[PDB]
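J.: Handing you this structure, nothing more for now.
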Amino acid sequence: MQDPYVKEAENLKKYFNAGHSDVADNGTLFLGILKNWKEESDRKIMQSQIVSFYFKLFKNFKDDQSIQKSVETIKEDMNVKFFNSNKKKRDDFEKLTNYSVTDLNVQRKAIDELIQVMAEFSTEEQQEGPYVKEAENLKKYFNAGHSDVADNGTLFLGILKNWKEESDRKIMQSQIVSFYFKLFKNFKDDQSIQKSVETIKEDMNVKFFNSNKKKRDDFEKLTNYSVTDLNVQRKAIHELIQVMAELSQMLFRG
Amino acid sequence: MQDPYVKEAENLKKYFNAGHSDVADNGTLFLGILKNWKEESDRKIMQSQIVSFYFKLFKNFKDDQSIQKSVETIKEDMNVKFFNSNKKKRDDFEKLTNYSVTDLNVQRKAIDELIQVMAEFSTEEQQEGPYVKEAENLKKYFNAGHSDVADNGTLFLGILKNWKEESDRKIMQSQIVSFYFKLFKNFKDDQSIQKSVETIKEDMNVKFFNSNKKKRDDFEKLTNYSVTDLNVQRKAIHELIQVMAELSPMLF
């Protein structure tokens with residue numbers, strides 16, 4: 001498509017001076033990584049990250065009067081193109097991108113479902129073996145068996161059952177994986193559990209990316225871009241239009 | 001002092017269009033809250049937060065070529081004015097603002113030192129009673145009594161000792177309390193420990209702010225501003241100069 005979003009996206013570009021030089025340097029943020037992937041299931045893994053990225057960015061502009069309107073327009077158009085007008089999807093997505101990685105309850109509930117989430121990645125058949133031993137250690141280290149964690153509603157498993165198409169599952173999985181990696185990163189120092197973490201991490205890296213390293217790299221590269229870096233924001237605003245496409249006297253207003 | 005940075009701060013103000021209207025609305029971010037406080041000890045509590053805020057904000061500009069230089073200039077000058085050229089201080093401050101609230105290890109080590117941190121709080125007269133029972137529950141719930149938590153030195157205790165002046169201790173305490181409130185926020189839902197948290201949370205609110213509600217509100221109002229909001233950033237860049245002026249001074 002190409003009609004409403006393009007005008008607003010153009011306004012954004014000038015508001016942040018996204019067309020300058022400083023931003024036209026240091027390679028691209030998203031476009032490049034988007035090219036290395038043609039399979040649809042793949043692009044969704046990357047796109048899911050890029051969309052959640054922009055939504056985070058847009059949320060910082062929601063109050064700016066001069067640009068707000070353009071943002072709501074781009075935001076909704078994106079919402080339609082990406083989720084294909086499926087509200088139930090956009091909802092589960094947002095529900096995933098909004099869980100707090102810090103809430104002690106959420107952390108424990110995540111660790112609980114870890115093993116079943118680990119199983120659901122297998123687009124077909126992908127054994128038990130290793131990880132399960134470590135995932136079991138986690139489940140007890142955090143008491144993820146108690147009624148505090150095993151009470152009402154699930155974090156991931158439920159949202160995961162609502163989606164059978166692969167392309168779809170990838171969108172949700174992309175978020176669930178980036179979530180776990182962010183969680184594991186907080187345990188990296190804890191002696192009692194670190195080993196198990198690396199093991200779970202690595203095994204998850206294999207199952208989800210199908211041992212493809214270039215993919216796991218491009219994935220991590222996306223999840224590590226800082227949403228706060230002024231430079232990153234501008235270069236993001238820059239590429240917005242092209243990203244919307246393949247998804248089918250200084251700065252700030254004079 | 002008032003000469004170098006002022007030039008840079010002016011650059012900032014224009015780079016972000018901070019003298020516009022949209023930013024000159026919704027009151028003020030810092031200036032207002034800064035006026036409500038004249039005692040030095042108090043202003044430090046507020047300033048500690050305002051400075052940590054600006055440092056967080058400057059960090060997002062470090063790469064921007066057009067404005068970076070100005071930032072380093074303002075950053076340094078601010079470092080001088082606020083800590084009064086005392087490096088050991090600025091270091092301990094930054095060491096405090098940089099601890100990760102998420103690191104499972106840091107959380108546990110913090111929970112351990114909680115009680116002692118609670119003590120050294122009052123300017124002098126301190127007792128027990130209330131919180132201590134809950135803080136104890138905390139220490140066990142997180143196994144903060146284990147031998148491995150009291151490792152690699154201390155998070156707060158150590159830094160709290162290097163400082164005896166009140167004005168100073170506040171700068172460090174402001175951050176330590178904002179840290180614990182952030183940490184406690186991650187426990188609000190945990191049924192088994194929630195209650196104890198509210199108790200410790202409140203009692204801490206009392207001892208640090210001395211039951212002064214307007215103070216606690218202005219503190220929380222500072223800690224909660226989002227560093228990411230484009231509007232807030234721009235408003236903060238505007239008030240930069242004035243703000244610089246008033247600176248002189250079982251689970252596991």
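Every chain in the structure tokens has a letter given in the order shown (A, B, ...), and although residue numbers restart at 1 in each chain, ligands are simply numbered from 1 in the order shown.
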Find the spatial neighbours of residue 160 (chain A), counting only C-alpha atoms, within a cut-off of 12 Å - ignore same-chain residues fewer than 3 positions away - and output them as number ranges by chain.
T.: A: 89, 92-93, 95-96, 113, 116-121, 154-157, 163-166, 168-176
J.: Could the residues of chain B within 7 Å of chain A, counting only C-alpha atoms, be given as a list in words, please?
T.: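 For chain B, the answer reads residues 15, 16, 17, 60, 61, 63, 64, 102, 103, 104, 105, 186, 187, 189, 190, 228, 229, 230, 231, 250, 251 and 252 of chain B.
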J.: Could you list, as a ChimeraX atom specification, every residue within 8 Å of region 85-96 of chain B, counting only C-alpha atoms and ignoring same-chain residues fewer than 6 positions away?
T.: /B:79,155-156,159,171-172,175-176
J.: Those same residues - C-alpha atoms - I'd like them written as a short mmCIF file (atom, residue, chain, number, x, y, z; two decimals), in the first residue's frame.
T.:
```cif
data_model
loop_
_atom_site.label_atom_id
_atom_site.label_comp_id
_atom_site.auth_asym_id
_atom_site.auth_seq_id
_atom_site.Cartn_x
_atom_site.Cartn_y
_atom_site.Cartn_z
CA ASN B 79 29.69 17.75 37.81
CA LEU B 155 26.40 -1.69 47.56
CA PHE B 156 25.38 1.09 49.89
CA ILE B 159 29.44 4.36 50.20
CA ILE B 171 22.84 13.22 47.86
CA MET B 172 23.72 9.54 48.28
CA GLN B 175 19.61 7.79 45.13
CA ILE B 176 19.57 4.84 47.56
#
```
J.: One decimal, Å: what's the distance from CA of residue 55 (chain B) over to CA of residue 179 (chain B), could you say?
T.: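 CA of residue 179 (chain B) lies at a distance of 16.1 Å from CA of residue 55 (chain B).
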J.: Once DSSP has gone over the backbone, tell me which residues of region 5-250 of chain A are in alpha helix (DSSP H), as an NGL selection string.
T.: :A and (5-15 or 31-35 or 40-61 or 65-83 or 87-97 or 104-120 or 132-141 or 157-161 or 166-187 or 191-209 or 213-224 or 230-245)
J.: Residue 239 (chain A): which residues within 10 Å, counting only C-alpha atoms, same-chain residues fewer than 2 positions away excluded, as a count of residues only?
T.: 17
J.: Between B:116, B:26, B:242, B:210, which is the closest to residue 158 (chain B) once you count only C-alpha atoms?
T.: B:116
J.: Please identify all polymer residues within 9 Å of residue 223 (chain B), counting only C-alpha atoms, omitting same-chain residues fewer than 5 positions from it, and present them as a ChimeraX atom specification.
T.: /B:49-50,53,178,218
J.: Please produce a file of those selected residues containing N, CA, C and O atoms, as a PDB file, in the first residue's frame.
T.:
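In the end it all went to out-v1.pdb:
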```
ATOM      1  N   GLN B  49      18.377  13.903  42.451  1.00  0.00           N
ATOM      2  CA  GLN B  49      17.489  13.358  41.427  1.00  0.00           C
ATOM      3  C   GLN B  49      17.526  14.140  40.114  1.00  0.00           C
ATOM      4  O   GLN B  49      17.532  13.546  39.027  1.00  0.00           O
ATOM      5  N   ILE B  50      17.537  15.465  40.201  1.00  0.00           N
ATOM      6  CA  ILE B  50      17.565  16.274  38.990  1.00  0.00           C
ATOM      7  C   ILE B  50      18.870  16.064  38.207  1.00  0.00           C
ATOM      8  O   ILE B  50      18.878  16.049  36.969  1.00  0.00           O
ATOM      9  N   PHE B  53      18.993  12.733  36.631  1.00  0.00           N
ATOM     10  CA  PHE B  53      18.093  12.821  35.488  1.00  0.00           C
ATOM     11  C   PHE B  53      18.836  13.390  34.279  1.00  0.00           C
ATOM     12  O   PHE B  53      18.830  12.800  33.200  1.00  0.00           O
ATOM     13  N   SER B 178      15.588   6.127  46.068  1.00  0.00           N
ATOM     14  CA  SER B 178      14.912   6.010  44.791  1.00  0.00           C
ATOM     15  C   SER B 178      15.144   4.590  44.296  1.00  0.00           C
ATOM     16  O   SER B 178      14.252   3.976  43.716  1.00  0.00           O
ATOM     17  N   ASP B 218       7.061  15.721  46.000  1.00  0.00           N
ATOM     18  CA  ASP B 218       7.977  16.384  45.067  1.00  0.00           C
ATOM     19  C   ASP B 218       9.139  15.456  44.657  1.00  0.00           C
ATOM     20  O   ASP B 218       9.691  15.589  43.556  1.00  0.00           O
TER      21      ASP B 218
END
```
J.: Write out as a ChimeraX atom specification the residues lying within 9 Å of residue 168 (chain B), counting only C-alpha atoms and excluding same-chain residues fewer than 2 positions away.
T.: /B:41,44,83,89,163-166,170-173
J.: Create the file for the chosen residues now, containing N, CA, C and O atoms and written as a PDB file, in the first residue's frame.
T.:
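Result written to again13.pdb:
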```pdb
ATOM      1  N   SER B  41      19.999  20.669  53.045  1.00  0.00           N
ATOM      2  CA  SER B  41      19.834  19.231  53.110  1.00  0.00           C
ATOM      3  C   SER B  41      18.696  18.811  52.184  1.00  0.00           C
ATOM      4  O   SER B  41      18.797  17.824  51.441  1.00  0.00           O
ATOM      5  N   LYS B  44      19.296  19.157  48.331  1.00  0.00           N
ATOM      6  CA  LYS B  44      20.195  18.115  47.853  1.00  0.00           C
ATOM      7  C   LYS B  44      19.382  16.893  47.434  1.00  0.00           C
ATOM      8  O   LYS B  44      19.643  16.300  46.388  1.00  0.00           O
ATOM      9  N   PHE B  83      28.976  18.492  42.816  1.00  0.00           N
ATOM     10  CA  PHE B  83      29.801  17.763  43.783  1.00  0.00           C
ATOM     11  C   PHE B  83      30.902  18.621  44.390  1.00  0.00           C
ATOM     12  O   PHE B  83      31.670  18.158  45.245  1.00  0.00           O
ATOM     13  N   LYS B  89      33.272  11.954  45.511  1.00  0.00           N
ATOM     14  CA  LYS B  89      31.828  12.103  45.637  1.00  0.00           C
ATOM     15  C   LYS B  89      31.148  11.723  44.316  1.00  0.00           C
ATOM     16  O   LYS B  89      30.328  10.796  44.261  1.00  0.00           O
ATOM     17  N   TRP B 163      30.751   9.235  53.825  1.00  0.00           N
ATOM     18  CA  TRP B 163      30.141  10.551  53.953  1.00  0.00           C
ATOM     19  C   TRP B 163      29.514  10.823  55.297  1.00  0.00           C
ATOM     20  O   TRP B 163      28.680  10.049  55.785  1.00  0.00           O
ATOM     21  N   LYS B 164      29.928  11.939  55.892  1.00  0.00           N
ATOM     22  CA  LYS B 164      29.419  12.328  57.190  1.00  0.00           C
ATOM     23  C   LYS B 164      28.630  13.630  57.167  1.00  0.00           C
ATOM     24  O   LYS B 164      27.668  13.773  57.917  1.00  0.00           O
ATOM     25  N   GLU B 165      29.013  14.580  56.318  1.00  0.00           N
ATOM     26  CA  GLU B 165      28.253  15.825  56.251  1.00  0.00           C
ATOM     27  C   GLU B 165      26.819  15.423  55.906  1.00  0.00           C
ATOM     28  O   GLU B 165      26.591  14.415  55.226  1.00  0.00           O
ATOM     29  N   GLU B 166      25.847  16.194  56.380  1.00  0.00           N
ATOM     30  CA  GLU B 166      24.454  15.856  56.111  1.00  0.00           C
ATOM     31  C   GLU B 166      24.104  16.122  54.659  1.00  0.00           C
ATOM     32  O   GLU B 166      23.574  15.254  53.970  1.00  0.00           O
ATOM     33  N   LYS B 170      22.727  13.115  52.075  1.00  0.00           N
ATOM     34  CA  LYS B 170      21.441  13.209  51.411  1.00  0.00           C
ATOM     35  C   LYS B 170      21.600  12.878  49.923  1.00  0.00           C
ATOM     36  O   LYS B 170      20.835  12.081  49.370  1.00  0.00           O
ATOM     37  N   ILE B 171      22.597  13.480  49.276  1.00  0.00           N
ATOM     38  CA  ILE B 171      22.835  13.216  47.858  1.00  0.00           C
ATOM     39  C   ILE B 171      22.876  11.712  47.592  1.00  0.00           C
ATOM     40  O   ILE B 171      22.275  11.224  46.640  1.00  0.00           O
ATOM     41  N   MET B 172      23.592  10.983  48.440  1.00  0.00           N
ATOM     42  CA  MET B 172      23.722   9.544  48.282  1.00  0.00           C
ATOM     43  C   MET B 172      22.433   8.818  48.676  1.00  0.00           C
ATOM     44  O   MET B 172      22.019   7.858  48.018  1.00  0.00           O
ATOM     45  N   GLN B 173      21.805   9.275  49.757  1.00  0.00           N
ATOM     46  CA  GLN B 173      20.567   8.667  50.236  1.00  0.00           C
ATOM     47  C   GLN B 173      19.430   8.871  49.237  1.00  0.00           C
ATOM     48  O   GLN B 173      18.637   7.959  49.005  1.00  0.00           O
TER      49      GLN B 173
END
```
J.: What lies within 12 Å of residue 199 (chain A) using only C-alpha atoms, ignoring chain neighbours under 6 positions off, as JSON, numbers by chain?
T.: {"A": [129, 130, 131, 132, 133, 134, 135, 136, 137, 138, 184, 188, 193, 205, 206]}
